[PDB]
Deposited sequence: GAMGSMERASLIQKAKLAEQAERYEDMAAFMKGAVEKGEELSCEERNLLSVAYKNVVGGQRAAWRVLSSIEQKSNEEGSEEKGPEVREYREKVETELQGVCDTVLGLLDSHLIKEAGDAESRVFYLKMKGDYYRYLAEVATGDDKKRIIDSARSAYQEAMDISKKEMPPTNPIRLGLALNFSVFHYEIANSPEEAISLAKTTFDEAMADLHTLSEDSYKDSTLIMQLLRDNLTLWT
């Protein structure tokens, strides 16, 4: 609790500054501190939390993929180079897992349980699915299955709520469906499920665009284009 002495509002202010400065590790630390104040988060604050951690873990994931590729090449008439590639991949991996565990911990203590509105609850459950998905990307042990199931379960709970409580064009509903489709294709070895989910999501959103303002239209169509990009890649 290094942020325990800082006002909630000052933490949020500094998170916004950190975002402007592209200091995402600081941003994440400020937002962790804000969460640990124990109050629920507004929509803007939820997005600050998400942006911060997604940028941190995104950098870690990219680094992990670089190192994993080098390691795989080392294991092909490749000359023995000793333990260093594996050691350093493991270092990065452990740090990535630590960040995922930190986010999951915030969600479990106590963001999800206090989230009663569909917008908040879906947002947090989507986050939960995403960070388990990131853990699944690097998992190989006796627990890859359990990690995959944890991701699936979170995504599924989010989906069920989103379908009941949000319009098909809601950006969080769309983003959830996008990420769950990625889970199906990339993690769960279920490309047909991925394709179906992306197609159904896109089509139901298309049919609801007429209800939207110009600005909401822009928000929804941005994510719809991502669904389309994946469908184009996958088919």
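One segment of the deposited sequence has no coordinates for C-alpha: 77, numbered from the first residue.
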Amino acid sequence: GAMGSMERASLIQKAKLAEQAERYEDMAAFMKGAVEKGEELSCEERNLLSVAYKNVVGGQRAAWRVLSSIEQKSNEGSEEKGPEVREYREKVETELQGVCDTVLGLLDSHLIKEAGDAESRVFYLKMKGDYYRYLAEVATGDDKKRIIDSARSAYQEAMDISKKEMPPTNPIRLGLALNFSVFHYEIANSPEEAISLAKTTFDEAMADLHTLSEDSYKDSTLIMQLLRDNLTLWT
From here on, numbers count along this sequence of modelled residues.
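C-alpha atoms forming the largest set that superposes within 1.5 Å between two forms make up the rigid core.
Annotation: of the segments 205 to 213 and 47 to 55, 205 to 213 departs further from this form in 9 other deposited structures of this protein (C-alpha atoms, root mean square over structures and residues, core superposition). Larger root-mean-square CA separation from the shown form, computed after a rigid core fit of the structures in 9 other deposited structures of this protein, is seen for 217 to 225 when 12 to 20 is set against 217 to 225. Per the records, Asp117 is modelled in every other compared entry, just as the shown structure includes it, so no third of them leave it out.
Across the other compared structures of the same protein with both neighbouring residues present, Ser162 carries coordinates in every case, with no third of them leaving it out. Higher mean CA B-factor, judged across 206 to 214 and 29 to 37 from the recorded values: 206 to 214. Higher mean CA temperature factor, per the PDB entry, when comparing 80 to 88 with 159 to 167: 80 to 88. Note on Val51, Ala177, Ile70, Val57: the highest value goes to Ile70, judged by CA B factor as recorded. Residue set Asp101, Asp142, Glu95, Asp130: peak C-alpha B-factor at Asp142 (per PDB entry). When all modelled residues of the chain are sorted by CA temperature factor, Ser42 is found within the middle third. In the PDB entry, a CA B factor belonging to the highest third of its chain's modelled residues is recorded for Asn189. Sort the modelled residues of the chain by CA B factor and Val138 lands in the middle third. Per the deposited record, the Cα B-factor of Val122 falls in the lowest third when ranked against the other modelled residues of its chain. Sorting the modelled residues of the chain by their CA temperature factor places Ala151 in the lowest third.
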